[PDB]
């Protein structure tokens, strides 16, 4: 596994095995790709980040991942694939977040933006996200580069 600190100096435990920290994860994170471009969302407070969110009642992690993509980017996933899972050790609460890769089939219109500003398309992600104020803190740690390298080698990009 991988153990490092996040933007707010909280301990993050990253692994690429089939749900090692928890079999019931309360959070999801979806690395989206619309062909040759990265599909991101713009949170009203945080900024630029990959779609994600909490798992709702009578919903599984995979269901929550597809919903978060539609709720934040309004996109339909062609193939959702489990990449890994991470544990964030905060001051009081501990969060178990599931990492998913979504190959985007299409981008459709949305009626409401759930704390978001709609879909965002990037041909290539900026050189330093930890310095970039337009991006979210969830993009400003080692979870993002390690996952992209694993994703690269998966490799389902092509």
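Positions refer to the first chain, counted from 1.
- Looking at mean Cα B-factors across 106 to 114 and 34 to 42, the upper value is held by 106 to 114.
- The PDB entry records a higher mean C-alpha B factor for 15 to 23 than for its counterpart among 135 to 143 and 15 to 23.
- Residue 67: CA B factor lies in the middle third for its chain, per the PDB record.
- Per the deposited record, the Cα B-factor of residue 85 falls in the lowest third when ranked against the other modelled residues of its chain.
- Residue 61: CA B factor in the middle third of modelled residues in this chain (values from the PDB entry).
- Among the modelled residues of the chain, residue 98 sits in the lowest third by CA temperature factor in this PDB entry.
- When the CA B factors of the chain's modelled residues are split into thirds, the value for residue 129 lands in the middle one.
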